[PDB]
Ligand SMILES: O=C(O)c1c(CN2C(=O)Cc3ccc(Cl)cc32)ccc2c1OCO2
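One chain comes next, on its own, written as structure tokens: the form deposited without this ligand.
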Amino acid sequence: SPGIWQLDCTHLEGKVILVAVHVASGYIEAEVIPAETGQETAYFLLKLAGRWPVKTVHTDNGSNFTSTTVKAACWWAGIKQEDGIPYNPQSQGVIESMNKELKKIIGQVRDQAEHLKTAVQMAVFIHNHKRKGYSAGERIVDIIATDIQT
């Protein structure tokens, strides 16, 4: 669906990269935080849902599913908070391969900035613009614009 996103948390350089993936398109937003907490996850989802029409979030683990602070942000922003269980088994693999691709890109730009957060945003840019043909950034806009026309 146009409104469905998946949370994903990966580690690099002793830091955490929190990723939101729009499942239908593969488009992503990401940020670097010192560690995953409910307050950091809640703030990231509030940012995401002010930028895209976020209807459902599959959370990345049971601590973020349970967290009262995350539940409060999902309430505030009108998001249905769901678990992230790969009922479809091809979902573990899909996230795994995105983390590996992101980390590959980060390493390809890593010497172009001191701080990891800059490299991660260069990787977000390269990921979203990569043509596979349409890019993920093209796909998400097409999907949502098609939705709005209904």
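Position 1 is the first residue in the sequence shown; the rest follow in order.
Quick note: we don't show the form solved in complex with this ligand, though the next part is all about it.
- Remark: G84 does not count among the residues lining this ligand in the bound PDB entry, judged by a heavy atom distance of 4.5 Å or less.
- When this ligand is considered in the bound PDB entry, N88 lies well away from it, no heavy atom lying within 4.5 Å.
- Along 70 to 94, one residue reaches a heavy atom to within 4.5 Å of this ligand in the bound PDB entry: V94.
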